[PDB]
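Following this are structure 1 and structure 2, which are two forms of one protein chain, each written alone as structure tokens.
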Structure 1
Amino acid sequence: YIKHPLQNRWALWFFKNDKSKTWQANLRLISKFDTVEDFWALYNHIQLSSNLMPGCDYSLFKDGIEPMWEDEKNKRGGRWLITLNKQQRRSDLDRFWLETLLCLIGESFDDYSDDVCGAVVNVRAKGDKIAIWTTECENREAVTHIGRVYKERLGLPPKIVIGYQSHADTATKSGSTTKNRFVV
């Protein structure tokens, strides 16, 4: 009977790389949820009925935030980016992505989870990517707290840093090695 409210409401987005297009016109809102039961119903189903493919990306964002730099909650923000080796086991990708989602819907960064906008997985033959997007790239204390807890929660090796990129820098990159406002 009684569903267990997620403290907050969430939307899953899909993106299939059409690039003739306007980037934003390729998003797709898949469905929304705000209970523990509906999260797992969606996660279980999407995993079994989907297939990993290059260019086909997924985003989970708080209700009302579109997963794009242009959104008001994202324009001043940035992301903690995890870049996977080409060589990683699919098992790693699965675990990292679910652990990321659980950090989102479980509000794992305590008072700083209010800075969290969503998370994105990019499926790329060059190397898969997972990131948590936050709303203000100049909030050093919130951004660095989120980064540290996130890196630990995924059990990443302490010797390799992960980087926080501002969306403003990402969009204007040229080397296509975007610089990191912060590392952890």
Structure 2
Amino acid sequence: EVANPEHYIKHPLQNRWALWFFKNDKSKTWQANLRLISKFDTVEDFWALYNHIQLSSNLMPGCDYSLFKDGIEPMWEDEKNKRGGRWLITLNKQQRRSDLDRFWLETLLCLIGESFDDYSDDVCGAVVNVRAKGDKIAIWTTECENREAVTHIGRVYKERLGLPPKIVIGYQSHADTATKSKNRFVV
């Protein structure tokens, strides 16, 4: 005697996600600048958020977005990131105009739609940095010594983003980033 779910239920996502924002303030500690915007666990709710926030290309330089699974904080020191690393896409000044927004939207959809299939549990999140010197986008994974997981994710990422074979992307452990400056893997 009941209604048909398809007609009126929001479409759940595999995971709940947290969207964070960062504004540089020089007088403050790094960690103090990282504020949580909101969380969502449906398709409908993702788009309400995406649709009401500024596109990455219109942020002041020194601002960032990040999307992490609920319960994983967007920093190396989190339990689920500390042994991890990221696949880094360094864009140039010209690509802010032509790729920044589409690569980030693509990255958002890779996360929420679990595009990494059997390895979607190694994915922690992603970070788009808006920077005068070059914009960066990266996907964070949980364990940098899981060769098969890491490289699979890289290969799917590169392909979902449409990057040609001649553009090489690197994977670096957060441990190295935190204490040096070195690619563990390329793709």
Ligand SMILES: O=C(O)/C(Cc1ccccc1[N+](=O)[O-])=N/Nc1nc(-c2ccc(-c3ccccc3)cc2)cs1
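Start at 1 and count along the sequence of structure 1; that gives the residue numbers used here. The term rigid core refers to the maximal set of C-alpha atoms that superpose within 1.5 Å between the two forms.
Each of the two structures shows the same chain on its own, and it is structure 1 that derives from the form solved in complex with the named molecule.
Comparing the forms between structure 1 and structure 2 on their rigid core, the Cα displacement of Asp169 stays under 2 Å. With the core held fixed, the Cα of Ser31 is displaced between structure 1 and structure 2 by less than 2 Å. With the core held fixed, the Cα of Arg9 is displaced between structure 1 and structure 2 by less than 2 Å. Taking the core as the fixed frame between structure 1 and structure 2, we note the C-alpha of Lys21 moving 3.0 angstrom. Core superposition places the Cα of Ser50 9.1 Å apart between structure 1 and structure 2. Superposed on the core, the two forms differ at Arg89, whose C-alpha moves 4.5 Å between structure 1 and structure 2.
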